[PDB]
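Accompanying notes for the structure given below.
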Amino acid sequence: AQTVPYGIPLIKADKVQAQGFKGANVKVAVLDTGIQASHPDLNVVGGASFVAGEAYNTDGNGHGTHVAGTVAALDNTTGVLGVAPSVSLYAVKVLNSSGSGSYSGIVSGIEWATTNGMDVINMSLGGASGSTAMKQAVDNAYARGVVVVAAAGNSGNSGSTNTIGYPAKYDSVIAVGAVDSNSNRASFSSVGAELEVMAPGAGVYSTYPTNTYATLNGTXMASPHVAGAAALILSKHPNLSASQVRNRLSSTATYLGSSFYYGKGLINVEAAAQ
Ligand code: NA
Ligand code: NA
């Protein structure tokens, strides 16, 4: 009765989970539209909301619940299966139900996660511009040992135009692009010198508000695969620093083409967690 989304075997997360590593006791904060904590296939440990009028454990949009399920949907006999099903999941609401948020709200979410000892921060969000405060927040989180992952953007490519959004563009953040079930680059995936790795992003089935499951497209779907991957590497090698985990993901990636379009390639967690 439990469906395994194609992205799990494509990045070889199933090979690592089989070895017995599932992200147990790794703290992952999902900075998004919140998470439907009551969903039967998700276990939210805690969180915070920096959005006015909405608690952190409700998701009036669906995006956050979907992103969270890709990272951590519970390994059981129902729903879907996450990349790191045993992770301690934290919902940090920085985007409202319409899917938008302020720089200050996001920055607060990053500081909260840094302050509260998160091991991995997933940001399936981005803007055309950044800000000094946002740059300072991600650099600090990274310098403090947190693996920071963000969706590269859904602006495709305009010739040689760099379309990578913020915060993925900052060098302390891993910019994740998207591929489909055939390992081909999705048309919407942003391109640029900053693109770092690729992960499943087209046709991703995951948990969705009001106890159900849905399919969405976006680099937003790709990002959690990498945040989940970092969690598996950390559960297997708890001694690694944020830099080492990051370097393992990019160095062992499967080459797919030019770095402007694919970065270093598709992540291979089995190889990265060696
Ligand atoms: Na499940
Ligand atoms: Na980056």
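Every residue number used here counts from 1 along the chain in the order it is shown.
The way this entry was determined, per its header, is X-ray crystallography, 2.0 Å.
Placement of Cβ uses the backbone N, Cα and C atoms for every residue, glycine included.
Positions annotated as Ca(2+) 1 binding site by Swiss-Prot: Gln2, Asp41, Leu74, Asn76, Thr78, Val80. In the shown protein chains, 21 other C-beta atoms lie within 10 A of the C-beta of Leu74 (Ca(2+) 1 binding site).
For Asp32 (active site, charge relay system), other Cβ atoms within 10 Å of its Cβ number 28. Per Swiss-Prot, the feature active site, charge relay system maps to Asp32 (among others).
As annotated by Swiss-Prot, active site, charge relay system applies to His63 (among others), with the evidence given as sequence analysis. In the shown protein chains, 24 other C-beta atoms lie within 10 A of the C-beta of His63 (active site, charge relay system).
As annotated by Swiss-Prot, Ca(2+) 2 binding site applies to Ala168, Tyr170, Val173. A C-beta separation below 8 Å, combined with a sequence spacing of at least six in one chain, links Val173 (Ca(2+) 2 binding site) to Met123, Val138, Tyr142, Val148, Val149, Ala150, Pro167.
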Residue, out of the binding-site residues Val80, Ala168, whose Cβ gathers the largest set of other Cβ atoms within 10 Å: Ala168
Recorded positions whose CB lies under 6 angstroms from ligand 1, from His63, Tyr170, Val173: none
Count of other CB atoms lying within 10 Å of the CB belonging to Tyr170 (Ca(2+) 2 binding site): 20
Residue among the binding-site residues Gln2, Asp41, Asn76, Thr78 whose Cβ has the most other Cβ atoms within 10 Å: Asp41
